[PDB]
Structure formats: C-alpha cells, structure tokens
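Comments concern the structure below.
Chain A is the first sequence line, chain B the second, and so forth, proteins listed ahead of strands; every chain is numbered from 1. Remember, it's 1-based here, ligands and their atoms both numbered in the order they're listed.
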Amino acid sequence: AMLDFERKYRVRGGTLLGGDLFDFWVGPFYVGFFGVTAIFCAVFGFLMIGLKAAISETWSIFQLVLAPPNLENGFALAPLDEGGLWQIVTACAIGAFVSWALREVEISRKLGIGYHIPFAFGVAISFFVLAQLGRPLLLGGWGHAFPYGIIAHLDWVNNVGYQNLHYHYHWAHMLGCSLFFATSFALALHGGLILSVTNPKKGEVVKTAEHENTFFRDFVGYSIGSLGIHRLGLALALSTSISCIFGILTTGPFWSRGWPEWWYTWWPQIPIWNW
Amino acid sequence: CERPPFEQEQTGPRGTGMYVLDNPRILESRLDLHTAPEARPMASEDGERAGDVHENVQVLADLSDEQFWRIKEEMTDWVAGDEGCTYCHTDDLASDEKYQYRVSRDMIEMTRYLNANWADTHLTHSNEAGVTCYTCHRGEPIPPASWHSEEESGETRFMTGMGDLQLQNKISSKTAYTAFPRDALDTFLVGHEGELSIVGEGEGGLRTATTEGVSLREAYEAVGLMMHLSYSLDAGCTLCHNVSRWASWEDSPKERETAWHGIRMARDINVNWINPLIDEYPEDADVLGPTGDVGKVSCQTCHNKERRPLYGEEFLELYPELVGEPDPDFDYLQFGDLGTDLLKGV
Amino acid sequence: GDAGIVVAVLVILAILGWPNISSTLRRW
Amino acid sequence: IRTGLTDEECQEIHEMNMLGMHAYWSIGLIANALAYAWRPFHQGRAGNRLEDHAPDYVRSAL
Amino acid sequence: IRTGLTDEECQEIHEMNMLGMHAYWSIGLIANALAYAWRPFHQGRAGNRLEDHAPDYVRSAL
Amino acid sequence: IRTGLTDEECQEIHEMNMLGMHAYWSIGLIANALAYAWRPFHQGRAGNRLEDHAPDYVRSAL
Amino acid sequence: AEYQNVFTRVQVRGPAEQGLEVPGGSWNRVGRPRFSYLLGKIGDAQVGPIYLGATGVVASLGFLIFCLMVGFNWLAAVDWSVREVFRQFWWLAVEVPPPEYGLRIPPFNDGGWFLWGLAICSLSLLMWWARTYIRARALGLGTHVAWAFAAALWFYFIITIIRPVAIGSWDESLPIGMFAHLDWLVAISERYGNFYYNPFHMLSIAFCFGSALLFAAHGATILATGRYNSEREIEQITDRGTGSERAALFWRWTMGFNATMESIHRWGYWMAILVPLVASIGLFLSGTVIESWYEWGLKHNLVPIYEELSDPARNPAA
Amino acid sequence: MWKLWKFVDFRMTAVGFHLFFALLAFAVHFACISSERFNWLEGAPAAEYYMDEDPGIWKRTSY
Amino acid sequence: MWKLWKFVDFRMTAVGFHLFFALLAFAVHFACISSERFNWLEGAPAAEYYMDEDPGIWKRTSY
Amino acid sequence: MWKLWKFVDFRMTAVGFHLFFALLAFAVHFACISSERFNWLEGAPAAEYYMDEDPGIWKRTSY
Amino acid sequence: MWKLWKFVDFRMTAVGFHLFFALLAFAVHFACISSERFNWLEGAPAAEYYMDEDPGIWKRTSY
Ligand code: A1LZM
Ligand code: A1LZM
Ligand code: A1LZM
Ligand code: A1LZM
Ligand code: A1LZM
Ligand SMILES: C/C=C1/c2cc3[nH]c4c(c3C)C(=O)[C@H](C(=O)OC)c4c3nc(cc4[nH]c(cc(n2)[C@@H]1C)c(C(C)=O)c4C)[C@@H](C)[C@@H]3CCC(=O)OC/C=C(/C)CCC[C@H](C)CC/C=C(\C)CCCC(C)C
Ligand code: HEC
Ligand code: HEC
Ligand SMILES: [Fe+3]
C-alpha cells in the first residue's frame, strides 16, 4: 500500500496548518488539516448536490444541476430550492479547491519540491473563483455564475456564449482556444518525444537529450529542450486558464453585443487598412 | 469595450445562461434614434373626406380633411427628412411625377395592412404599438436599416476564377458581422423556400432511413439570419432560445413566437409591398441597390438595434389613419410555411 | 470508335509492360 | 547518401521492383481498358452529360 | 555542401535522373498532346465557353 | 561565412547554375511569347474588357 | 522566495551543435544555428539547423502553395486589395462547395478552389507527417510524435474529407477561413443537435481540459522537482532518481496514485491524442448516425430538462 | 534504374508508394463516385444510351 | 548537370520531385475537374461541338 | 557570379529557388485563372475577338 | 561599400534582400492588380483613351 521508495520520504513536518495531529497518511493519501477540510468541503458539497437531486427528483449525473439563484435575486442568499444549494456548493467548492491546493503545498514542503503544482492548481481555482464571484460582482448577482451540473453547465456555457451571438469570435475565446489546442498539441509532442526517446524500435538503445533536441531541430528548426518544454507547458496551460478568466469575465460584463460586432468595431476600422 | 451595469432580462430558467444584457449607456446614446417624434394631437373624423377636397387622393380618400392633414404632416416629419413637402410633391400637389409620391402611396397602403393584420401576431407583442412611417424611416427618406441584396448575388459569377466567397466570409451587418451567408435576408425575409428549422431531429436523435435534414449550408444561412435577428433586436440568441435546444419551442421564450411572425411579416413586406415597388422607381435611380433592387425590410428596419421599435410607443390608437381594415383572407401560415397563397407573384 | 482505339492501346501497353515481356528489355 | 546495398542486392531489389511496378502497371492498364470500354473516361465534343442527351424525365445529378 | 559522391556515382545517379526526367517528360508531352487533341487547352479569341456557342438549352456550369 | 567550396567546385556549380537559370529563362521567354501571341498580356488604351467590346449578350464575369 | 525554475537567469552557450548524425543529415541540415536569448530564457537558445528533407521541403512548399491559393482567393474576393484582405482578414475564406454538388468537385469559384486547396493541404500534411516519422526514425527514436500527429491528422481528415464523403456533401467540410471555420463549428453543432450533448464532444473536451490539466500539472511537477534534475526525464526513466520519486510521491499523496517519469508521458500523450481521436468519432457520428445530439441525449436521459417556462413560445406552424 | 537503390532507400520507396497508392486508389475511386457517369454505386445511366451516334473522344463531332 | 549530385543530395531531389509531382498531379487534375470544358467527370460538351469554324488558339479570329 | 558559392550556400539557394518557383508558378497560374481574359479553364472570349482594330499595348489609341 | 562585408554578413543580406524582394514583387504586382488603371488581368481602359489632350504628370493643366 506504499511505494517501494515511499517510506524513505514519509517524514513529519511540511504542514502549513495542522501540526502533527493531521500530519499522517491514510493509505496512499497524505491527509493534513487541509486534507481534512478538503474532504469536508467535497463530501458536504456532494451531499448538497445529492440534496438537489432529491428535491428536484433528478437522480441523473447528467440531468442534475445546482443552478445559481435568479438574476432578480442579486447577491442575496437564495432558498435552497431557488439557488441556495448552488451557493452552499460554491462555498464548498472554493473551500475544497483551496484546501486541496494547500494540502499540495504541504506535500510539496514535505517532499522539498517547489510549490509549482499547487500554484498551477491555484490558477485553475482562480478561474473558478473569478467565474463564480467576479462574474456575479461584474453583472450584479449570483445568477450570472455557471451552475453545477455535468451537462447543464454546458448549457450555461452555450447560452452565455450565444448571448454574444457568436462566441467563437470572442478575442479571449480565440486566444484561449488557441492556447488549449496548443496545450494538447504540446502535450502530444512532449509525451511523444519522451516515449520516442525511451521507446525506440525494439532492439534500439534508449536515446538521449541530444537525440530529442536534434529531433525537433531537424523537424521544425527549434528544440525547446527538457526544461523549456515543461516551462512552456505550464505556461500554456496556465495562460489558457487566465484566458478563460478573461473570457468568462468579459462576455457580458465588458461586451453585451456580439463578439462578431466586437471584431467589426475595431479591426476593420484600424486606420492602416480602413480606407 | 463595454461596461457594467447592464439592464438584465432573464429569459429562461436560472443558471441556464438564458438572459439578455442590454447596455443602458448604449440605449441612452441611441435615444435620439430609438424614440419617435412627439405625436400630433388627434384629428377629428368628422368633416369632408380628403378624397373630395383634393383631386388626386385615393389611398387616404376615406379620411377626414383634418385626419388627412395630420397624417400628411406626420409623414413629412417621418419620411421627408429635410426636403419637406417637396420630397414627394412637385409644384402640383396632385401630380405623381416623383416616384416618392407613388411609393409613399403604396407605403401608406402597406402601413395600413401591417397595422390591420400583423398587429395581433407581431406588432402588438408588448404594447399596442403597431408601425408608422417613422418605425422604419426614422425621419429619413431611406430607412437607415433598410437592406439591399448583396452586391454578390447579382454580379456575374466567374465560375472558374478566384475569389468567390459564396455570399459568405465578408463583413456585413446583415449577418451581425459574422462570416455567415450574407444573402440570408433574401433567402428568408424575401424568399419562402428557405428552411429555418435547421436543427436535426431524426428519430431518437438518429439519422433514420426516413430522416432527411437540411444541408450544412442551409444551417449556415439560417444561423446567419438568426445573427441578423439578434443584431436587430440588440439581444443574444437567449432572447428567444435555450440555445441548447433551438428546435424546442417549449423551451424558448415567448419572443421567439412573435419573432417567427416577424420573419413572415418581413417576407410579406418584401414580397407584396417592397419588391413590387421596383416598377415605380426610375430604372437608373441612385436609391436602388447595387443589384438594381429596392431596399427591403428586415428585422433591423423596424428593430434599429432595439428590442421593440421606438421603445414600443403605441401608434395603433394614436394613428388610426395608418391602421387599415383587416385582410379577410389574412393567414400568417400563407407566407411560405403552409403555402404561398398570400405572397403575391410567387 | 475512339474508345476502341483507347482500349486497344491500353491492352497493348499492358501486354508490352507485363513483367514477362517488359523484363525482356532488361539490360543491367 | 549511399544505402550500403551491394550490386547484387540492388539488382535483386530492381528485379522485384520491375515485377511489382510492371505487374501493377499492366493490371491497372487492363482495369482502365475495361472501365473505358464500360464507359469511356473522356467525353466527346457532344459531352456525356445526361441532361444533354437523355430525356427530361431521366434525372441527372448535373 | 559536398555530398561525398564520386564522379562515377554522380554519373550513374545522373543517368537514372536523365532517364526518369526525360521519360516522364516525354510521357507527359504525349499525355498533354492527347488531352489537347481531345480538347485544346487554350481558347481562341472567340473563347470556348458553352454559353457563347451552344444553344440556350445547353446548360453551362459557367 | 565562407561555404568552403574551392574555385573548381564553385565553377562547376556555376556551370550548372548558369545552365539551369538560362534554360529556364529561355523556356519561360518562349512560353510567355506563346501566351502573349495567344492573348497579349497588357491591354491597350481601349483595354481588353469584354464588356467594353463584346456585343453585351456575351457574358463578362468581370 | 526560492528559484521557481520559470526562466533561465544565466544561459550558457557551447559550440553550435549541428545535430546527431543521421543519414543525409550533413547535407539536409540547413541554417547556421542561431541562439535566441529570449528563447534561451525558457528553453534552448539554439534555433536551427532544420532538416531540409524531401518530405519536409515539399510539405512546406505545399503549405505555401495552399496559403498562397487562399491568399489569392481572398485578394480576388476583395478585388485584389491587400488592404481589404487585411481589413477583412478574419472573415475572408475559401468557401466549401455548396450542397447542390454533393461530392462532385465543383468549379473553382463554387467550392472547387476549396477542394483544390484541400487536396494540396492534405497532401502537404501527409508529407509533413512522413517527415515527422522519418525524422524520428533517422535518430533511432520511436514514432510516437508521428502518431500523435497522425491522430490530429485523422481528426483533420474526418473534418475535411472522410466525414463530408460519408455524409455525401462537400459543404459539410471545413471552410478555409479564420472566422469561417468557427462558423463551421457553430453550423455543425447546431445543425446536428448540440455538440454539448455529443458524448464524444464531452470526452474530447474532457481530454483537452485534461491535456491542459496534465500538462500544467506535469510542467509544474517537473519545475518543482527540477531541484533534483527531474527535467532530464530520460535519465529519470532509465535511472530513476529522487526527482522522479518526489514527483511520484507528490501525486500519490495527493491523488492516491501516481505515474512514473515515463508513464506520465504515456498519460499525457494519450490524453492529448485522444482529443482528435474521440473528436473524429463524435464529428463523424454527427451527420452519419446522429441527426440531433439534443434529441439523442433526450432519449438517453443525457440532456437536462429545465423548469417549464411561464408562457412558452408556441410554434405558429403547429 | 537498379542503381537507384545504391542511393534511395528501397524499403521507404516501396512503403511510400504503397501508402500513396492506397491513398490514391481511395481518391480515384472517390472521383468516380463523385461523377454520376462513373458512380457504379448509384448506377446512373450513360448518355451514350440516349445518343444516336458515337460521341467519340477525338471524333471532331459537330452539333 | 551530372555534377549536381556532388553538391545537391539526389535522394532529396528525387523524392521531393516525386512528392511535389504527386501534389501537382492532384492540383492539375483538380484544376481540370474545376473547369467545365475539362471536367471529364461531369462530361460537359465542348464549344467546338457547336462552333462551325475552328476557334484556333493564335488564330486572329474576329466576330 | 561563380564566386557566390564561396559565400552563399548553393544548397539553400537552389532548393529555395526551386521551392519559390514552384510557389510562384502556382501563384502566376492563379493570377491567370482569376483573370477572365486569361483563364483558359473558363475559356472566355478575348475582347480582341470583338474589336475591329488592333488595341496595341503602347499604340496610344484614342476613342 | 565593399567593406560592408567586413561587418555585415553578406549571406544574410543577400538572402534577406531576395526574400524581401520576392514579397515586394508580390506586393507591387498586387498593387497593380488592385489598380483599375494598371490591372492587366482585368484589362480596363486607360483614361487617355478618352482624353483629347495629354494629361501630363507635372503639367499645370486646368479644367
Ligand atoms: C456558443 C458558445 C460557445 C462557447 C461558450 C464559451 C463561454 C461563455 C466561455 C467559453 C470558454 C472556453 N471555451 Mg468555449 N464555447 C464554444 C466553443 C469552443 C470551442 C470550439 C472547438 O468551438 C473550443 C476549443 C472552446 C474552448 C473554450 C476554452 C478556451 C474555454 C473553456 C475552458 C474554461 O473556461 O474552463 C476552465 C475550468 C477550470 C480551470 C476548472 C477548474 C476546476 C477545479 C479548480 C478543479 C477541481 C474540480 C473538481 C470537481 C475536483 C474533482 C475531483 C476528482 C474528479 C476526484 N470553446 C462555443 C462557441 N466558451 C471560456 C473562455 O472564454 O475562455 C477563453 C468562457 O467563459
Ligand atoms: C471512371 C473511372 C476512371 C478511372 C478509375 C480508376 C480507379 C477506380 C483507379 C484507377 C487507378 C489508376 N488509373 Mg484510372 N481511371 C480513369 C482514368 C484514368 C486516366 C485518364 C487519362 O483518364 C489515367 C492516365 C488513369 C490512370 C490510372 C493509373 C494512374 C492508376 C492505376 C495505376 C496503373 O498502373 O494503371 C495503369 C496506368 C495507366 C492506365 C496510365 C496510363 C497512361 C496512359 C497510357 C497515357 C495517359 C494519357 C493521358 C493522361 C491523356 C489522355 C486524356 C485525354 C483527355 C484523352 N486513369 C477514369 C476516369 N482509375 C487506380 C489507382 O489510382 O491506384 C493508385 C485505381 O484504384
Ligand atoms: C485540361 C487539362 C490540361 C492538362 C492536364 C494535365 C494533367 C491531369 C496533368 C498534367 C501534368 C503536366 N502538364 Mg498539363 N495540362 C494542360 C495544360 C498544360 C500546359 C499549358 C501551356 O496549358 C503546360 C505547360 C502543361 C504541362 C504539364 C507538365 C508541367 C505536367 C507534367 C507532365 C509533363 O511532364 O508534360 C511535359 C511538359 C509539357 C506538356 C509542357 C512543356 C512546355 C510546353 C511544350 C510549352 C509551354 C508553353 C506555354 C506554357 C505557353 C503556351 C500557352 C498559351 C496560353 C498558348 N500542361 C491542360 C490545361 N496536365 C501532370 C502534372 O501536373 O504532373 C505532376 C498531370 O497530372
Ligand atoms: C538534374 C538537375 C535539375 C535542375 C538543376 C538546376 C540547377 C543547377 C539550377 C536550377 C535552377 C532552376 N530550376 Mg531546376 N533542375 C531540374 C528540374 C527543374 C524543373 C522540373 C520540374 O523539371 C523545374 C520546373 C525547375 C526549375 C528551376 C527554376 C526554379 C530555376 C531557374 C530559375 C531561373 O532561371 O529564374 C529566371 C527567371 C527570372 C530571372 C525572372 C524572375 C522571376 C521572379 C522570381 C518572378 C517574381 C514575380 C513576382 C514575385 C510577382 C508575380 C506576378 C504575378 C501577378 C503573381 N528545375 C533538374 C532536376 N535547376 C537554377 C536556380 O535554381 O537558380 C538559383 C539553377 O541554378
Ligand atoms: C496571362 C498570363 C501571363 C503570364 C503567364 C505565366 C505563367 C502561367 C507562368 C509565368 C511565369 C513567368 N512569367 Mg509570365 N505571364 C505574363 C506576363 C509576364 C510579365 C509581364 C510584363 O506581364 C513578366 C515580367 C512575366 C515573367 C514571367 C517569368 C518571371 C516567369 C517565367 C520564368 C522566366 O524566366 O521567363 C522568362 C522571363 C520573362 C518572360 C520576363 C522577364 C522580364 C521581361 C524580359 C521584361 C519585363 C518587362 C516588364 C516587366 C515591363 C512591363 C511592361 C508592360 C506593358 C506593363 N510574365 C502574363 C500576365 N507566366 C512562370 C513562373 O512564374 O514560374 C515560377 C509561370 O508558371
Ligand atoms: C491551468 C491549470 C488547470 C489545472 C491544473 C491542476 N488541476 C489540478 C492540479 C493542477 C496542478 C492538481 O494538482 C489537482 C490534482 O490533484 O489532480 C491532478 C488538480 C485537480 N483538478 C481537477 C479537475 C479539473 N481540473 C480542470 C482544469 C485545470 N486543472 C486547468 C486546466 C478541470 C476542467 C474543467 O478543465 C477539471 C474537472 C481534479 C482532478 C483535481 C482537484 C481535486 C480537488 O479539487 O479536490 C477536492 C475534491 C473534490 C471531490 C472536489 C469537490 C468539490 C465540490 C464540493 C464538488 C462539486 C464540484 C463543483 C461544484 C465544481 C463544478 C462542477 C462542474 C460540473 C461545473
Ligand atoms: C411623401 C411621403 C409625401 C410627403 C412628404 C408629403 N406628401 Fe402630400 N401626398 C403624398 C401622397 C402619396 C398623396 C396622395 C394621397 C392619397 O390618398 O392618394 C399626397 C396628397 C397630398 C395632397 C392632396 C393631393 C391633391 O389631390 O390635391 C396635398 C394637398 C398634399 N399632399 C400636400 C402635402 C403637403 C403640404 C406636404 C408637406 C407638409 C405633403 N403633402 C407631404 C405624398 C407626400
Ligand atoms: C417598414 C416596414 C416601413 C414602413 C412602416 C414604411 N416604410 Fe417606406 N420604405 C421602407 C423601405 C425599406 C423603403 C425602401 C428604402 C430603400 O432603400 O430604397 C421605403 C421607401 C419609402 C419611400 C421611398 C424612399 C426614396 O427612395 O426616397 C418613401 C417615400 C416611403 N417609403 C414613404 C413611406 C411612408 C409615407 C410611410 C408611412 C405611411 C412608410 N414609408 C412606411 C420601409 C418602410
Ligand atoms: Fe516531461
């Protein structure tokens, strides 16, 4: 139940908050106080999701949604049957994500590694927070935040995108879709490169960093290298999450017309070609 | 760049994203464009008929003299612009030398028809508004949001050459500045063969052996028309839809239904009233479009980037002389849906 | 007609270009 | 750059290549002759569009 | 940069290259001559559009 | 910097380069002469738009 | 704070490495290796040399021919005004054939240029894939990069050729335009129900979001464990060090399970290349098997049902 | 051309021709399918069924 | 130019010419299909079928 | 220019010139295709077919 | 300026100038095609065809 080398690192300390009381492992998982709070928020939020499934009679992961209150509700606490369950689960999700990231900070301290992983997770959490708080603050109510349904939040994404007519044309959407595609492209390239170096044809020896460098130099003229590929990957995925922040915070709050009309508003009128 | 706050209208269930944000500052900036002029005082119906005290009066013959003068002054304030009476009139006030005179005669007929027949289904959705001359013209001879056929549907096509966008892939307010087909206004607000119900249905959501849908190009054209609808009403797709289920009328806000009639009404306006005006126009008139066509009526023509024309100002009671008698055989399904009986000439 | 000439030429080319016949012109 | 093949290996590969290319070439030529006799690939000056020769009731994809 | 090929290797490469280039060239010239005799590639001053020469009932994709 | 080629290698590269460029130049000049005699590339003052010369039932896609 | 392994503050330059010996490398490796200090901040500074292979050169030439066909069509669309091309750069496109041709290759200006460019672009992409394969093989590498490109190209061929052919119409294919191919996205999703209700769309987005997740997490993991030379991952795979151990233990203590230095790349490789693969499956089923993803997910209890609206819109056409 | 395998890898040449010919066989079969005259699957008539004489290919026919 | 292979890799040149000629054969065949006169797949008539005189190519014909 | 190959790589010069001339041949054929006068695939008439006189190029003709 | 190659790489300069001049020839030929007067592909008339006098360039002509 423990890795061949795991016990060698399973030491006390590294906790941000929890001391030695929560500083232990249950099976593979390190717990920590932030693990305790993450489990609390996760299980309570899932129990509120089940409560909405019960009250809405929607026992389908796909059809069940915790939607935020109505727009007329504003920032007020809603009835649990009118968006209050969504508010509870929003608090639970923020708490669980923050607790998970802080538990990862604890694990990083215990392993002596940098806090890059909880930082990247915190970038994703920052998207969630700015989407579920920043968009309500910009637009004046919890009802502008996306709901909690496996399929229904896709419907919210659909409707919020089509509120600006053609959401593809959103500048933040264009940049962020390019960034997601570049992230999957670079993950494919990087996994393929590492596996190609370490899994050549049968009978061939494992190649080196020189091999992979000259592979991408021969291939596309540039090789970003071992450190560069991971730096670029963290950058690409993070930047796509920041692009998601900008997209969710600008569609509506900072452009209520169509994003096609947004593009028409400035690009065709750029004076170097508007004549 | 835009800015909060916004006038919000939740058009669907909470959390679905079905709401419309309208910029209050933008509506304030378009307030001059979106408000009809102060109405003239009501004119008495008692008096000599306008067809008796004037030589060449036919469309307004059944009007009293005072009602006639009221509506003439209002039409001057609504279509004449800065040209005034001379816009439609020569030195002789009973002579139709100017095409504007006869076109305005047909326009009075069309406004009467619209207020008599399209009020129950489209023109009085929120308010007993109806339409006046100002609803489209907005004080100008040419309605600012009148549309012509694109200067690619009428051009000679170089079939084996280069650079044919197929009425797409170009900047146009007619598609809300999308790359969607620009001739969608011709396809749907003039033509009747166009299919707007582009979303697949199948059976069980499946392309059954009996399932026949529209082509992807027909989907392009319909989505372009829908972009025009959204542009015209200054709202998103959520104004009339849960975009997740476009084909579902039960999941769509009521504004879809009236929008439907608007589509047909535009077709009506274009087929029975606007296009037959081409005979009245001079052959080389500068007002005519690049394809030599009269400017047609679209959603934007009355919805000049506004949810309801002229802030839903009521004109049916305010201008009874612009309200005609209901057409005995009027049927909103006879504009290319159940048939083409009411689309004259097609 | 002309289709006959085309078919005959294609058949003749297949016969001449068949490996058993085309290889007779192999020179190394 | 050189492939390292000997003269004998190159000649063996070339015999196999001549067999493959020319067998495929003859089979394809016979196939195209058969398809050409079925329906000549190239229209005459009159063309071979159904709309220009068939009656109106004969549907054509145009 | 130098490919390292000897004069004799370059000459056998060039023998094959001349063979392939000129055989493809002659076959293509014959193919283009056949397609030109079928339908001349370049129109006269009158052109060769069907609309300008065919009756009205002959549909033209142009 | 320097490519490292000797004078003789540069001279034979230039022989082949002169041959290639000038053979292509002459073939292109002949081809452009043929295409120019077919249809002069440059219009006169009257132009060569069909709409300005054709009897106006001739379709001009211009 | 500690060094975050985000930028290389001190770059070192050796002799410009032409590359490991490959057949034809001495001739086909072109370009004096140039060192970008800006690129050296993140990764390797060296730019070039590039392999000037037959597949690479002809694929790049075909890409250029395709781009120039698109540009010439855009010019002829805007009366050969480069000014109007740049003004309408995002809107302009080489449009696909209309449905009345079906699978017929139409005249150039009725979608024939699109099919011409599709042939050129597809052949160029296949030559580029061949270059990927051959560049990997010449270095004694696995062809994993070639097969990731093959997954992406399989999706591309589904978008452009295979699925338009199966549907039987070229108008289903992707227009060559910035805004036009996004309009293709909208048209495909709305014509065929809703791709939000397409489970292969769901899975492809799961794998794209998870490519971002894994590649953020993996880049962060490698930058965090770069204190222990974990960025030299080939060594950590053949000679597992404390950096790979710490990465595995971080993820095991977080998630309960971890990967290895090689298996994390297996995970990321498959998570990435699954995006175009299940994407191709879902797109192909859209219009061949599935007519409406909304109706199909309604039958499968996948589509949520929301509160019935007060005063719904009634279809006036019954 | 037997000297070609002194300089061009035969294995890659044959693999590339087989791959390209699979691709091209698909492309050419599709080109036949796209033509109603040649789409055997749809099975449309040939215009020669309705012609009074042989159209030819080079026959220099006149209307 | 038999000396070109002293300075130009013949393997690249031959394989690249084959690749580019596959690409160009597709380009040119597609160009012919995109032409009504030259689309053998659609089989449109030639204008020479309806012309009473040879149009020529360089023949200085006049209307 | 025989000394240019002492300083300029004939490899890249020749390869890039062939690649660019392929691209330019396509570009020029596209320019001809886009021209009604010069599209041989369209086969439009030359205006000279309808002019009663030689337009010239530098002929300095007058209406 | 023969000493410029002591400080400025001639290969870089020549390659960059040829690349820029390819792009510039494309751009300038495009400028001509954009111009109605200079578009030989469309072949529009010159206004000098309808002028009864030389317009000049620097000539102080008055309407
Ligand atoms: C009509 C309409 C429409 C739309 C809509 C819209 C809107 C409104 C928006 C959007 C978006 C976008 N998108 Mg889209 N769309 C379209 C489409 C598309 C396409 C195609 C192909 O077509 C593409 C590719 C695209 C993509 C995209 C991207 C980019 C983005 C997304 C991503 C995100 O965000 O997430 C982000 C997210 C995130 C970060 C998340 C995080 C978690 C957390 C912490 C974690 C944790 C959790 C949990 C639960 C735990 C678990 C446990 C275990 C399991 C045990 N698109 C259409 C058009 N759009 C956004 C933005 O903007 O960005 C920029 C927004 O806002
Ligand atoms: C309808 C239907 C159809 C078809 C069909 C099919 C399928 C399905 C397939 C095929 C094929 C194939 N083809 Mg064919 N075709 C067709 C036509 C044709 C042509 C024309 C011209 O037209 C050609 C030339 C061909 C050819 C061929 C090859 C290339 C391949 C095989 C290879 C071989 O070896 O043979 C073999 C080879 C052979 C045949 C070749 C040869 C030369 C000769 C002597 C000379 C020439 C000429 C020219 C070009 C001029 C003329 C024209 C004019 C106008 C008078 N194809 C049609 C249209 N397909 C295959 C493939 O691709 O694989 C890959 C397949 O699968
Ligand atoms: C309709 C249809 C058609 C066709 C068809 C086809 C197909 C399908 C194919 C082809 C080809 C090919 N072609 Mg041909 N054509 C056509 C025309 C032409 C022309 C003109 C002029 O137009 C040219 C120049 C050509 C040429 C050629 C080559 C380059 C290639 C290769 C082959 C050879 O080698 O031959 C060989 C070569 C040859 C034939 C050539 C040579 C010089 C000569 C003596 C002289 C020159 C002149 C000039 C340019 C100017 C005149 C014009 C004017 C306007 C008067 N193509 C038509 C349009 N295709 C191929 C390819 O691409 O490969 C890849 C293919 O597949
Ligand atoms: C075996 C061996 C061999 C060879 C070799 C060799 C050597 C040594 C050399 C050469 C060459 C060569 N080529 Mg070759 N080849 C072969 C083949 C071939 C073929 C086939 C397919 O068969 C072909 C087609 C070929 C082509 C060529 C060309 C590219 C070149 C020439 C160029 C000229 O001349 O110019 C000349 C020309 C001139 C000066 C004139 C200029 C203009 C420019 C830009 C233009 C610009 C313009 C623009 C951009 C605008 C346009 C307009 C429109 C509106 C858009 N190859 C074989 C393989 N080769 C040269 C060069 O590169 O230079 C540098 C040299 O030296
Ligand atoms: C329509 C139709 C057309 C055409 C057609 C075609 C095709 C298809 C092709 C071609 C070509 C080519 N061209 Mg040509 N063209 C055309 C014209 C022209 C021109 C004018 C001026 O216009 C030029 C300058 C050219 C030129 C050339 C070259 C560069 C190349 C060849 C190479 C050589 O070397 O030759 C050879 C060369 C040559 C021919 C040339 C050179 C200088 C000379 C002496 C002198 C100059 C002068 C000037 C500029 C002045 C103007 C005046 C007026 C009055 C304003 N192109 C038309 C428009 N294409 C090719 C290419 O690109 O390849 C890449 C191809 O493919
Ligand atoms: C730019 C960087 C990114 C990035 C980076 C990164 N993400 C990381 C790490 C790093 C570095 C981790 O280190 C961490 C980990 O341990 O696994 C590898 C983690 C993780 N992310 C996960 C999901 C993920 N992430 C996504 C996006 C990115 N992730 C972006 C692209 C996406 C989407 C949609 O794109 C998803 C679904 C989990 C698997 C895991 C957290 C577990 C947790 O929160 O515990 C807490 C434990 C649980 C069970 C949470 C339950 C909490 C509430 C009460 C349950 C209800 C859930 C909601 C209300 C959410 C909305 C529902 C939608 C339907 C509307
Ligand atoms: C175009 C929109 C008009 C403007 C502006 C004005 N008039 Fe007009 N007028 C117009 C029409 C089409 C008609 C015919 C009405 C009918 O029922 O057929 C008229 C009618 C008159 C008349 C009576 C004609 C007659 O028989 O003598 C008069 C006297 C008249 N109009 C005057 C008039 C004045 C003074 C205006 C400016 C304030 C004016 N008209 C504006 C069309 C249009
Ligand atoms: C919208 C449905 C309209 C109403 C209501 C009225 N008019 Fe109109 N009118 C409309 C359009 C789209 C056009 C064509 C504009 C174009 O682009 O060509 C017109 C045209 C006229 C004209 C002629 C304009 C001109 O060429 O100068 C006149 C004189 C006119 N309309 C008068 C008119 C009057 C008097 C109306 C009220 C009774 C009226 N119109 C209503 C659209 C609409
Ligand atoms: Fe890695």
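- Note on ring orientation: taking the six-membered ring where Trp is involved, the planes of A:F146 and A:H153 are tilted (angle from 30° to 60°).
- Between the side chains of G:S189 and G:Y196, no donor-acceptor pair of N or O atoms lies under 3.5 Å.
- For ligand 1, the atoms closer than 4.0 angstrom to any heavy atom of G:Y196 are 3 (C), 4 (C), 5 (C), 15 (N), 16 (C), 57 (C).
- Taking every non-hydrogen atom of A:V160 and a distance limit under 4.0 Å, the qualifying atoms of ligand 1 come out as 8 (C).
- The neighbour count for A:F246 CZ, taken as heavy atoms of other residues, nucleotides or ligands under 6.0 Å away, does not exceed 12.
- Residues A:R135 and A:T251 are in side-chain contact: their nearest non-hydrogen atoms beyond the backbone lie under 4.5 Å apart.
- Atom CZ of A:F121 has more than 12 heavy atoms from other residues, nucleotides or ligands within 6.0 Å.
- For G:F209, the heavy-atom gap to ligand 1 drops under 4.0 angstrom.
- Take J:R37 and apply the salt bridge (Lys or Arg N to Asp or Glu O under 4.0 Å) test, not counting sequence neighbours, and it matches J:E48.
- Aromatic ring orientation, I:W40 versus I:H29: perpendicular (interplanar angle above 60°, classes split at 30° and 60°).
- For ligand 1, the polar-atom distance check against A:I248 finds a nitrogen or oxygen pair separated by under 3.5 Å.
- Around atom 14 (Mg) of ligand 1, the protein N, O or S atoms closer than 2.8 Å are A:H173 NE2, listed by chain and residue number.
- At a cut-off of 3.5 Å, with distance as the only test, no side-chain donor of J:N39 or B:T160 sits close to an acceptor on the other residue.
- Counting atoms of ligand 1 from 1 in the listed order, those under 4.0 Å from a heavy atom of A:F121 are 44 (C), 45 (C).
- Checking A:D155 against G:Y197 by side-chain atom types alone, a donor-acceptor pair falls below 3.5 Å.
- Assignment of A:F97 to the shell around ligand 1 is supported, since a heavy atom sits closer than 4.0 Å.
- A:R103 has its side chain within reach of G:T254: a pair of non-hydrogen atoms, C-beta onward, lies under 4.5 Å apart.
- Of all atoms in ligand 1, numbered sequentially from 1 with element shown, those under 4.0 Å from a heavy atom of A:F180 are 28 (C), 29 (C), 32 (C).
- Using the six-membered ring where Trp is involved, A:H168 and A:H166 have ring planes that are perpendicular, over 60° apart on the 30 and 60° scheme.
- At a 4.0 Å heavy-atom cut-off, ligand 1 does not touch A:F146 at all.
- The shortest heavy-atom distance from A:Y169 to ligand 1 is not under 4.0 Å.
- Listed by number with element, the atoms of ligand 1 under 4.0 Å from a non-hydrogen atom of A:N158 are 1 (C), 2 (C).
- A donor-acceptor pair shorter than 3.5 Å cannot be found between the side chains of B:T238 and A:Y162.
- Each of the atoms 63 (O), 64 (C) of ligand 1 lies under 4.0 Å from some heavy atom of A:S243.
- For the pair E:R45/I:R60, a side-chain contact is recorded, criterion being any heavy-atom separation below 4.5 Å from C-beta on.
- Of all atoms in ligand 1, numbered sequentially from 1 with element shown, those under 4.0 Å from a heavy atom of A:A172 are 64 (C).
- Taking 4.5 Å as the limit, some side-chain heavy atom of D:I27 sits within range of a side-chain heavy atom of C:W18.
- Around ligand 2 you find C:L13, D:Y24, D:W25, D:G28, D:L29, D:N32, D:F41, D:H42, E:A31, E:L34, E:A35, E:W38, H:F21, H:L24, H:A25, H:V28, H:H29, H:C32, H:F38, H:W58, I:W40, each with a heavy-atom distance below 4.0 Å.
- Annotation: side-chain contact (heavy atoms from CB on, under 4.5 Å) contacts of F:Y36 (sequence neighbours excluded): F:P40, F:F41, F:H42, J:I57.
- For ligand 1, the atoms lying closer than 4.0 Å to a non-hydrogen atom of A:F181 are 24 (C).
- A heavy-atom distance below 4.5 Å is found between the side chains of G:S286 and G:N198.
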